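Everything on this sheet refers to the single structure shown next.
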Amino acid sequence: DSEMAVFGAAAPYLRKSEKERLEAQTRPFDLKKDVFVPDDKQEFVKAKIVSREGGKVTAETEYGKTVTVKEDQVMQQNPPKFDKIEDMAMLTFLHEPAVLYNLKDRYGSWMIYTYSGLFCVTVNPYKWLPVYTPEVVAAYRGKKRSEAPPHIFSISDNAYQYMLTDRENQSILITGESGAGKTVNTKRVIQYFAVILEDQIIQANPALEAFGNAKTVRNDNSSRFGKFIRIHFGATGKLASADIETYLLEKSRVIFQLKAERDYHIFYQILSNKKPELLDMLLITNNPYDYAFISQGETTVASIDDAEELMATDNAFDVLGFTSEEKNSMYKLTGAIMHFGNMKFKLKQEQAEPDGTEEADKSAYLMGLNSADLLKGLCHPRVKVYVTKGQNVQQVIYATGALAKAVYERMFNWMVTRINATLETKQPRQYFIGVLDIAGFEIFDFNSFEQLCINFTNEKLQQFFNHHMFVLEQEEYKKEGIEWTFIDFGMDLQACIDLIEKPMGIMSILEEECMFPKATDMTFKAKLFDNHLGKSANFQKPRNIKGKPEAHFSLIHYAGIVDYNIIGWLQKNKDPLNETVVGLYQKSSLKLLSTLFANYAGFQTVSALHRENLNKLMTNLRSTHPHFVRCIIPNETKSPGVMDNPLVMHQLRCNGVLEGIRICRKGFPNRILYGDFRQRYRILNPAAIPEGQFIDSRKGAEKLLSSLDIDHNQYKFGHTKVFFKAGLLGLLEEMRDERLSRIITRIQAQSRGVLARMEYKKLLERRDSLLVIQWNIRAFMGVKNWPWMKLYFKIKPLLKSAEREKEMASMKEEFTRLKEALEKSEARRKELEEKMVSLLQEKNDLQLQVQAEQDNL
Amino acid sequence: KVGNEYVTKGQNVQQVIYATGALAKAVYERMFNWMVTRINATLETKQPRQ
Ligand SMILES: Nc1ncnc2c1ncn2[C@@H]1O[C@H](COP(=O)(O)OP(=O)(O)O)[C@@H](O)[C@H]1O
Ligand SMILES: [Mg+2]
């Protein structure tokens, strides 16, 4: 249990226990006696095998109920060896009940992360589990998904491994219904990147979170804008400058909030009174109920304490390096917006007469200008012929709301730009990894233009997933000359997108009527009905319900039918403003309001910008190698552990995960280039593909594979990329690692051999020296025991041998010293000779240089 | 590389074939110049005096 010991706390929550699988193998089972049968309230139920009368197999459900049904919707249960399987591609039987029941089995053990073929699926646990510890992140470093339990950390690690190996961009895309957990997983991915500037990226997400998210019926932490976070890396394979891009912040939230929907987080974080200094300098109490814009929602969430969120976002701002002046500026603007919300107006003979201007004075003080000028601009708007115009009392409130939402949007863009500036670093950055977290699909009780935009973004993301996973993979199979029948998996959302995105479509008619002045909801809607009602499968008449608000029409996304009541979408897409107040805000005292807002009058519909951003984003994405994560919400009640079968079945059908797993298990998932394969797996059979003795790719790769003694029917050789059947690539990697280990061990053995060889040669020389010494000392003792030898042999060398024998020693040593001196002198003379040759070389070079200056003149 | 970002450029067949030709020209010119430098180094022996 090496993985268990390494993981520690998160081990039981990520990997099945050894005893658990041991008892699972002992669970009673058979090829027969096991089936899944459909049911109404629960989609599928386990059942036994009783009798097949006329082909009508009889099944006794686990609840005890017994019913006979024909061979249709009769699917064999998978063997218990596949219970709580980490990757769901090795299922011998694949069928709609099987995916649900394996997912539920893993969910019961709180195993949210599961691999469905190539991409990953995450079920919402609705409870923060101890799996995101930095120890687990370190354990998830440099590990394949096969050798590690499923987790988003493993997904990020595999993306980084591709990043390093193939030197190509990666894009981790999170897709699912709202509140499924996309933002949490994006935060975990950013955390994994930070662990392996890091504090800057960590705290940047809460900074935008505090201003973007709001509490909704579907989820309390509901993002109102798409996020694309790009982390750049250099050639060395280390983190570098980052970037964050936002998509279509829902500006209508400030003006209006639904009955069960709260407002933005910051408007109540500041009013939580955690820092009364904020209350003092903003001239605002801690009760949002006195303030019209932010009092429509509950302003209270059971799981959210706005004081903690406020201190967290302040800490994040400090970590990012936000100066106190700009923080105070945005705080003053946030105060000013509900100060504007406090505005009241009355008709008196025609422009509304201002009243209750004290709050207007306070707001003007916060932003910085003459309050009378702003009041007159709101009271008597002047626009391009600056000409005054009579307008209704109700219109001044709408104008103030539009100005407030525009100011909030500009402040949001300023935060985005400041985050980019803080994160940007001049250090080299080679490639990038893009994490995509769009606003998830959602079905509110009443839906409007922003809901339509969010759902259209979700539709386009699902269509991109379908196109890449199904169409492009099959076209790649075809192009490389691989025999493969074309299979249609049954989802092509291009028609649904073209219903609105393409010209003359519902969204296109929306921009066309927005350009058209005097545009009314009644007529424009008519322009929709005669255009696509009936003839378009998705669009249809509104399936109006008495409980739900009246809807103009109903249209079918990939996730189901949704009603879309249009109420003044033309003004929302057009975004009109009063030019007088525009001019007043342009020259405001505050740095933020003056710089940001000056480009409004310094048009293009926001829907057109949304479409262009989606097109550009997905064209950029197509250049990358996506990793998909699909998030499933188990229960609408936010109850952890409740695994509501019909909802998950509907989500699985809309997502089309089953067909993705089918195309992963049937087709060839792994495709590797011939040259890359040769240079990578040559260690398996180095004899094949001899080192630099020929030039050919296909033949060498074919010989290498044919020498690998595996199932040769798995791979179909192509023109440029050899394909691999599912599970083959990991096997080849396993034998490659084993062969590398064998090579390293043999290298160690050879190194030990040579070290022993040299040390034993040294031992030989030492033994020869010892023999010489011992023989000489033996002779010396033999001559020393002789009384004669010492007398004439100890004084002769000093005296008698000095004059005519030791003088040979003296002349020899002086010859040696003189020879050393002569050799050193001759070597010095030779090096001086070559040095003076070099001096000639450089002097003629310098005369050439002199000629060069005479050329210069 | 534009700025600090390595942006991949998309070119048609004409540009890529012209690039191949330019690479061939440049590498052969460097070939010729390296040959000239090599022969100059071999011939430029000691005592290039006077
Ligand atoms: N992996 C997870 N661990 C713990 N809670 C999670 C996880 N994923 C989602 N949740 C919870 O689910 C809810 C919605 O998750 P969130 O990421 O905010 O969704 P969305 O991306 O749709 O805004 C929150 O209550 C969040 O805490
Ligand atoms: Mg979210």
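We name chains A, B, ... following the order of the structure tokens; residues begin at 1 in each chain, and ligands are numbered from 1 as shown.
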Got a sec: who's within 9 Å of segment 347-360 of chain A, counting only C-alpha atoms, leaving out chain neighbours fewer than 6 positions off, as a short mmCIF file (atom, residue, chain, number, x, y, z; two decimals) with N, CA, C and O atoms, in the first residue's frame?
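Output below, filename result_8.cif:
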```cif
data_model
loop_
_atom_site.label_atom_id
_atom_site.label_comp_id
_atom_site.auth_asym_id
_atom_site.auth_seq_id
_atom_site.Cartn_x
_atom_site.Cartn_y
_atom_site.Cartn_z
N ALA A 336 -21.09 54.87 -3.83
CA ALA A 336 -21.83 55.78 -4.69
C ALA A 336 -22.93 55.06 -5.46
O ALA A 336 -23.95 55.67 -5.78
N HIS A 339 -25.77 54.72 -3.23
CA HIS A 339 -26.20 56.10 -3.02
C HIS A 339 -27.08 56.56 -4.17
O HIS A 339 -28.10 57.24 -3.96
N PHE A 340 -26.71 56.20 -5.40
CA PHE A 340 -27.56 56.41 -6.57
C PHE A 340 -28.85 55.61 -6.45
O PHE A 340 -29.92 56.07 -6.86
N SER A 371 -22.35 68.45 -6.99
CA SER A 371 -23.57 67.66 -6.94
C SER A 371 -24.67 68.28 -7.79
O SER A 371 -25.48 67.55 -8.38
N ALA A 372 -24.73 69.61 -7.86
CA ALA A 372 -25.76 70.27 -8.65
C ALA A 372 -25.61 69.94 -10.13
O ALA A 372 -26.61 69.74 -10.83
N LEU A 374 -24.29 67.18 -11.51
CA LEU A 374 -24.74 65.81 -11.73
C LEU A 374 -26.26 65.71 -11.63
O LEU A 374 -26.90 65.01 -12.42
N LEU A 375 -26.85 66.42 -10.67
CA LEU A 375 -28.31 66.43 -10.54
C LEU A 375 -28.97 66.98 -11.79
O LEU A 375 -29.94 66.39 -12.30
N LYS A 376 -28.47 68.10 -12.31
CA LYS A 376 -29.05 68.70 -13.51
C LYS A 376 -28.87 67.78 -14.71
O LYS A 376 -29.77 67.66 -15.54
N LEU A 378 -28.78 64.54 -14.61
CA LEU A 378 -29.81 63.52 -14.46
C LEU A 378 -31.20 64.11 -14.61
O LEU A 378 -32.08 63.49 -15.23
N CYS A 379 -31.43 65.30 -14.05
CA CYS A 379 -32.75 65.91 -14.13
C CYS A 379 -33.08 66.35 -15.55
O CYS A 379 -34.21 66.18 -16.01
N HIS A 380 -32.11 66.93 -16.26
CA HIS A 380 -32.31 67.41 -17.63
C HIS A 380 -31.19 66.87 -18.50
O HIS A 380 -30.16 67.53 -18.69
N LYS A 389 -33.88 67.47 -23.58
CA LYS A 389 -35.02 66.73 -24.11
C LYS A 389 -35.96 66.37 -22.97
O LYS A 389 -35.50 65.94 -21.90
N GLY A 390 -37.26 66.54 -23.19
CA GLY A 390 -38.23 66.09 -22.21
C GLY A 390 -38.35 64.58 -22.19
O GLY A 390 -38.42 63.93 -23.24
N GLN A 391 -38.35 64.01 -20.99
CA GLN A 391 -38.45 62.57 -20.84
C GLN A 391 -39.13 62.24 -19.52
O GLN A 391 -39.21 63.08 -18.62
N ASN A 392 -39.62 61.01 -19.43
CA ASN A 392 -40.49 60.61 -18.33
C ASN A 392 -39.72 60.49 -17.02
O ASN A 392 -38.49 60.39 -16.99
N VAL A 393 -40.47 60.51 -15.92
CA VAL A 393 -39.88 60.38 -14.59
C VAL A 393 -39.21 59.02 -14.42
O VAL A 393 -38.10 58.93 -13.89
N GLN A 394 -39.87 57.96 -14.87
CA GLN A 394 -39.32 56.61 -14.72
C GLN A 394 -37.99 56.44 -15.44
O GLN A 394 -37.20 55.58 -15.05
N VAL A 396 -35.39 58.47 -15.57
CA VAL A 396 -34.21 58.91 -14.84
C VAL A 396 -33.68 57.80 -13.94
O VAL A 396 -32.47 57.65 -13.76
#
```
- Give as a list in words every residue of chain B that touches chain A within 8 Å, counting only C-alpha atoms.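 Taking only C-alpha atoms into account, residues 4, 5, 6, 46, 47, 48 and 49 of chain B sit within 8 Å of chain A.
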Would you save the residues from that selection as a PDB file, in the first residue's frame, using C-alpha atoms?
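Saved to result_13.pdb:
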```pdb
ATOM      1  CA  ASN B   4       7.532  38.154 -24.758  1.00  0.00           C
ATOM      2  CA  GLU B   5       5.041  35.736 -26.371  1.00  0.00           C
ATOM      3  CA  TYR B   6       6.046  33.065 -28.901  1.00  0.00           C
ATOM      4  CA  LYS B  46      53.614  30.922 -38.802  1.00  0.00           C
ATOM      5  CA  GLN B  47      55.784  33.932 -39.734  1.00  0.00           C
ATOM      6  CA  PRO B  48      53.373  35.855 -42.059  1.00  0.00           C
ATOM      7  CA  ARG B  49      55.935  38.649 -41.905  1.00  0.00           C
TER       8      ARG B  49
END
```
- Item | Within-6 Å residues of ligand 1, basis only C-alpha atoms and all ligand atoms, as a ChimeraX atom specification | /A:124-128,178-184,219,221-223,440
Would you save the residues from that selection as an mmCIF file, in the first residue's frame, using C-alpha atoms?
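The result, stored in part-v6.cif:
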```cif
data_model
loop_
_atom_site.group_PDB
_atom_site.id
_atom_site.type_symbol
_atom_site.label_atom_id
_atom_site.label_comp_id
_atom_site.auth_asym_id
_atom_site.auth_seq_id
_atom_site.Cartn_x
_atom_site.Cartn_y
_atom_site.Cartn_z
ATOM 1 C CA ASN A 124 -20.393 17.644 -6.666
ATOM 2 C CA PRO A 125 -19.848 16.437 -3.073
ATOM 3 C CA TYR A 126 -21.329 19.610 -1.550
ATOM 4 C CA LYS A 127 -18.808 19.151 1.241
ATOM 5 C CA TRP A 128 -15.179 20.201 1.432
ATOM 6 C CA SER A 178 -24.350 25.902 -12.644
ATOM 7 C CA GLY A 179 -23.258 25.081 -9.111
ATOM 8 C CA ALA A 180 -21.734 21.750 -10.131
ATOM 9 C CA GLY A 181 -18.310 22.843 -8.882
ATOM 10 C CA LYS A 182 -16.454 24.342 -11.834
ATOM 11 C CA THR A 183 -15.117 27.347 -9.905
ATOM 12 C CA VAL A 184 -13.894 25.150 -7.039
ATOM 13 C CA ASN A 219 -26.009 28.031 -6.234
ATOM 14 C CA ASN A 221 -21.373 30.869 -5.289
ATOM 15 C CA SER A 222 -22.672 31.566 -8.793
ATOM 16 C CA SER A 223 -20.216 33.196 -11.180
ATOM 17 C CA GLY A 440 -22.489 26.997 -16.129
#
```
- Query: Looking at A:256, A:553, A:29, A:681, which one is nearest to residue 401 of chain A, with distances taken over only C-alpha atoms?
  - Reply: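 Counting only C-alpha atoms, the residue closest to residue 401 of chain A is A:256.
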Going by DSSP on the backbone, which bits of segment 449-630 of chain A are strand (DSSP E)? Write them as a tab-separated table (two decimals) with C-alpha atoms, in the first residue's frame, please.
```
chain	number	residue	atom	x	y	z
A	539	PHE	CA	-37.38	26.93	-30.80
A	540	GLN	CA	-41.09	26.49	-30.11
A	553	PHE	CA	-41.17	31.58	-26.15
A	554	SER	CA	-39.44	28.36	-25.13
A	555	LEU	CA	-36.34	26.88	-26.75
A	556	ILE	CA	-34.48	23.60	-26.33
A	557	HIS	CA	-30.84	23.67	-25.30
A	560	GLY	CA	-33.56	20.63	-21.93
A	561	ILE	CA	-36.39	23.02	-22.64
A	562	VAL	CA	-36.05	26.53	-21.17
A	563	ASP	CA	-38.56	29.37	-21.29
A	564	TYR	CA	-37.17	32.80	-22.25
A	625	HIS	CA	-4.86	20.09	-26.74
A	626	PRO	CA	-7.89	20.21	-24.43
A	627	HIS	CA	-8.38	18.21	-21.26
A	628	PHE	CA	-12.08	18.03	-20.42
A	629	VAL	CA	-13.65	17.95	-16.97
A	630	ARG	CA	-17.42	17.45	-16.76
```
- Message: With distances taken over only C-alpha atoms and all ligand atoms, which residue among A:104, A:794, A:46, A:187 lies nearest ligand 2?
- Response: A:187
- Separation of atom CA of residue 235 of chain A and atom CA of residue 433 of chain A, in Å? 13.4 Å
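Of the listed residues (A:631, A:196, A:282, A:271), A:631 comes nearest to ligand 2; the distances count only C-alpha atoms and all ligand atoms.
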- Message: Which residues are close to residue 492 of chain A, i.e. within 10 Å by only C-alpha atoms, leaving aside same-chain residues fewer than 3 positions away? Reply as a VMD selection string.
- Response: chain A and resid 462 to 464 466 to 467 470 to 471 488 to 489 495 to 497 558
- Query: Separation of atom CA of residue 583 of chain A and atom CA of residue 373 of chain A, in Å?
  - Reply: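 If I compute the distance from atom CA of residue 583 of chain A to atom CA of residue 373 of chain A, I get 10.5 Å.
Atom to atom, atom CA of residue 103 of chain A and atom CA of residue 74 of chain A stand 19.5 Å apart.
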- Message: Please extract the residues of chain B with a backbone DSSP assignment of alpha helix (DSSP H) and present them as a ChimeraX atom specification.
- Response: /B:13-43
- Message: Excluding residue 85 of chain A and its own-chain neighbours fewer than 5 positions away, which residues fall within 10 Å of it when counting only C-alpha atoms? Please give them as a list in words.
- Response: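 The residues satisfying every condition are residues 15, 16, 80, 90, 91, 102, 103, 105, 106, 114 and 115 of chain A.
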- Using only C-alpha atoms and all ligand atoms, which of A:821, A:722, A:439, A:99 sits nearest ligand 2?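 Smallest distance to ligand 2 is found for A:439.
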- Query: Do you know which residues are at most 10 Å from residue 268 of chain A counting only C-alpha atoms, after dropping those on the same chain fewer than 5 positions away, and could you put them as a PyMOL selection string?
  - Reply: chain A and resi 210+262-263+273+286-288+294-295+299-300+305-307+309-310
Since we have the selection now, will you write its residues out, keeping C-alpha atoms, as a short mmCIF file (atom, residue, chain, number, x, y, z; two decimals), in the first residue's frame?
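File written: result-v9.cif
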```
data_model
loop_
_atom_site.label_atom_id
_atom_site.label_comp_id
_atom_site.auth_asym_id
_atom_site.auth_seq_id
_atom_site.Cartn_x
_atom_site.Cartn_y
_atom_site.Cartn_z
CA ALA A 210 -15.78 39.08 -4.18
CA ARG A 262 -28.83 37.95 -3.64
CA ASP A 263 -26.67 40.77 -5.01
CA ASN A 273 -19.37 45.88 9.55
CA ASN A 286 -24.22 48.25 8.10
CA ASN A 287 -27.87 47.79 7.04
CA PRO A 288 -28.30 47.30 3.26
CA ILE A 294 -28.89 45.95 -2.87
CA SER A 295 -31.96 45.48 -0.63
CA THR A 299 -28.65 39.96 1.85
CA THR A 300 -28.06 36.93 4.09
CA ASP A 305 -20.55 35.28 6.63
CA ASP A 306 -19.90 38.53 4.78
CA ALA A 307 -17.37 39.67 7.41
CA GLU A 309 -15.45 37.27 2.92
CA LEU A 310 -14.66 40.98 3.37
#
```
- Within 9 Å of residue 403 of chain A using only C-alpha atoms, minus same-chain residues under 4 positions, as a ChimeraX atom specification: /A:337,398-399,407-408,577-578,581-582
- Pick the closest to ligand 2 from A:786, A:225, A:36, A:291: which is it, counting only C-alpha atoms and all ligand atoms? A:225
